[PDB]
Amino acid sequence: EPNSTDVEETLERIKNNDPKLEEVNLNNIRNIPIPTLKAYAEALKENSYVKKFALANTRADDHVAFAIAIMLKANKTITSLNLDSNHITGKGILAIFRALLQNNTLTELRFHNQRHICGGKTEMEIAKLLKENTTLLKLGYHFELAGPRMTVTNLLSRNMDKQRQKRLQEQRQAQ
Ligand code: NI
Ligand code: NI
Ligand code: NI
Ligand code: NI
Ligand code: NI
Ligand code: NI
Ligand code: NI
Ligand code: NI
Ligand code: NI
């Protein structure tokens, strides 16, 4: 259904900060140039209306992951990011988790089913990095190592608890 037409036009709309574009979905669109995927990331940096960005199954690679990481350090709007079924490696994934040190607005990240498998050292490091982020509530990924898997689940439950705590101590103290 969507195609290179929509891809160029939607990108313009992002750059223009169109208030009516709250969701960008590129899922399953083939033959998007890597630099076009990068441009999406670059445009989204200062976009104030896009809440969800989904690029699943676009052949996005680490260059795309790096571009997205940069954008994540700046963007205060996107709450849900879908990277499933792409060519992102553990490097691209670490860059994103390092970016999340600087991001308190993204609550859902999913990278299921990458064609290049993450690696244990990367899973161990994701868990270490996630400790420093208190706003991510959902991580779409299935861990190979039982240890990082447990730690990440506990961290996500923690973050869920931290968000209720913040809201409650706002409501309580605002009387
Ligand atoms: Ni879809
Ligand atoms: Ni493929
Ligand atoms: Ni590349
Ligand atoms: Ni390169
Ligand atoms: Ni690949
Ligand atoms: Ni997975
Ligand atoms: Ni999975
Ligand atoms: Ni292939
Ligand atoms: Ni499971």
Q: Specify the residue with the greatest mean-square fluctuation among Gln102, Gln114, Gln163, computed from a Gaussian network of the chain linking alpha-carbon atoms under 10 Å apart.
A: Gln163
Q. Can you run phi through the Karplus equation (6.51, -1.76, 1.60; θ = phi - 60°) for the stretch 149-162 and list ³J(HN,Hα) in whole Hz, with x for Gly and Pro?
A. 4, 4, 3, 5, 4, 5, 5, 6, 5, 3, 6, 4, 6, 5
Q.
Could you tell me the calculated FRET efficiency between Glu23 and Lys73, based on Cβ-Cβ distance and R0 = 25 angstrom, to the nearest 0.05?
A. 0.70
Q | From phi via Karplus (6.51, -1.76, 1.60), per-residue ³J(HN,Hα) for the stretch 134-143 in Hz, x at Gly/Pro | A | 9, 9, 6, 9, 9, 10, x, 6, 10, 7
Q: Work out the length of the dipole vector of the chain about its Cα centre, built from +1 on the beta-carbon of each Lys and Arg and -1 on the beta-carbon of each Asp and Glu, and round it to the nearest 20 debye.
A: 760
(Q) How far apart, in nanometres, would the label points at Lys138 and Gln163 be if each is projected 7 angstrom from Cα along the Cα-to-Cβ direction? (A) 0.9
Q: Subtracting the Cα-Cα distance from 0.36 nm times the residue separation, let me have the gained length for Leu156 to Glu170 in nm, one decimal.
A: 2.9 nm
Q) What do the square roots of 5 times the Cα gyration tensor eigenvalues come to for the chain, in whole Å, largest first, as semi-axes of the equivalent ellipsoid? A) 27, 22, 12
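Values in this text are rule-based calculations from the coordinates and carry no lab data. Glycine gets a Cβ as well: all are built from the backbone with ideal geometry, and neighbour counts include every protein chain shown.
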